[PDB]
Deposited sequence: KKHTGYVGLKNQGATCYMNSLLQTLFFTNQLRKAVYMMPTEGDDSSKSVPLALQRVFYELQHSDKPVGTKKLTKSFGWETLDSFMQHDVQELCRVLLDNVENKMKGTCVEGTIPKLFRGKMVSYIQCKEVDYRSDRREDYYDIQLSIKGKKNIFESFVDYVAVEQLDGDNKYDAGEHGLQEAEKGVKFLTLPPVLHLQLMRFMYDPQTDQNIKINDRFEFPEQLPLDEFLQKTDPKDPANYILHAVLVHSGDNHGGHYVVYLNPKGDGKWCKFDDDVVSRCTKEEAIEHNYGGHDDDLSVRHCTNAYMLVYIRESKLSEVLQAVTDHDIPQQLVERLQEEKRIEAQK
């Protein structure tokens, strides 16, 4: 009510889910394209696209906290710990893959790659012979190492750092035999919506299963990324605006998951805590989640390219929801009300 935004019910150990759902919902261009999916023939029992349409609809219209049971049912994560055994980016990929496939053949085909997909090069360059292997790869999200790094910039420096293949890890160069080489990645494109997960756990033998890295890790409100591009572009520099901060406090999957957002990209932040949505300060959304200098910190960041902000966050009206969809969900709600 207060903030203009409604929250999501707490209905299980769904960990990152309500955070990710709010984050996706406020990707306005995505929300609109999801509204356009042709789901009239869909089975309301099995359709992930319809379930996301329903959730987004309620988030746009409802005054009361929105429920998500049909959604988790639709993509089959219903056990006591099914969310504990997946990272947030896997849930994102399930959701986005479903709706992307559903958009095939429609006027919004390719929305998901347009918003979230970038491209990178992986190379192996032989040092002592002349042979290089190049592999262009798409990515929808980036996992950044934080252990030993102070900020996003050092994480990106680490990401594109050259690795040496020598000694017992020499590269199989085919007819050139075993060779000393160097292996690394470079960014070719950065997408309009940039999903960064921070590596906040670590599966090491010395730590048995998984411990949470609670170290301080700084991210800026404004992130410039041109220097990590293979080739910059003067008519659109890679300047990114912080949009979402998904936060975990505690040490285990019983910890507290919340998400901070400035949904208009205007620097005015709210905290989304399941059913409770509250106005908050910039400091509480950003610095306070850097981590102890004490276990409350960010594990995922969403950035939007400056040049794409107005389009990615384009206004959404009630009229943007097609009439059939509105009547189907209204009838669901009337059937429930009886």
Which runs of the deposited chain sequence never show up in the coordinates?
-> 1, 295 to 301, 347
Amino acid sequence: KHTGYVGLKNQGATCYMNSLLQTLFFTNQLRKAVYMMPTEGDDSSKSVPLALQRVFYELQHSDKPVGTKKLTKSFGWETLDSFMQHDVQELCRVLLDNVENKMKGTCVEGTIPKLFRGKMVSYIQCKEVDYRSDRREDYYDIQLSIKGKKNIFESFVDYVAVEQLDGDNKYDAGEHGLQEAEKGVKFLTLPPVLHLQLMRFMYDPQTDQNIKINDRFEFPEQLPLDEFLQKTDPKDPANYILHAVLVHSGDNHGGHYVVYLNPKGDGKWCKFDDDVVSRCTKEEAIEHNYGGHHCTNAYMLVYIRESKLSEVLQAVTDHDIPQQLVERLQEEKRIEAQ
From here on, numbers count along this sequence of modelled residues.
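Basically, rigid core = biggest C-alpha set you can superpose within 1.5 Å across the two forms.
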Determine, for 76 to 84 and 192 to 200, which one has C-alphas that on average lie farther from this form in 9 other deposited structures of this protein; superpose on the rigid core first.
-> 76 to 84
Would you say which of 299 to 307 and 37 to 45 moves more relative to the shown form in 9 other deposited structures of this protein, going by RMS C-alpha distance with the core superposed?
-> 37 to 45
Report, as yes or no, whether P205 is left without coordinates in at least one third of the other compared entries.
-> yes
Other entries omitting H294, at least a third = yes
Between 245 to 253 and 205 to 213, which has the larger average Cα B-factor in the PDB entry?
-> 205 to 213
When mean C-alpha B-factors in the record are compared for 306 to 314 and 39 to 47, the larger belongs to 39 to 47
Given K264, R117, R132, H195, the residue at which the Cα B factor reaches its maximum | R132
Hey, out of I152, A181, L225, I112, whose CA B-factor is highest in the deposited coordinates?
-> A181
Relative to the other modelled residues in the chain, which third contains the C-alpha temperature factor of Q164: lowest, middle or highest?
-> highest
For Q324, the third of its chain by CA B-factor is the highest
For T23, return the chain-relative third of its C-alpha B-factor as stated in the PDB record: lowest, middle or highest.
-> lowest
So, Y140's CA B-factor, relative to its chain, sits in which third? The lowest
Third assignment of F187 from its chain's C-alpha B-factors | middle
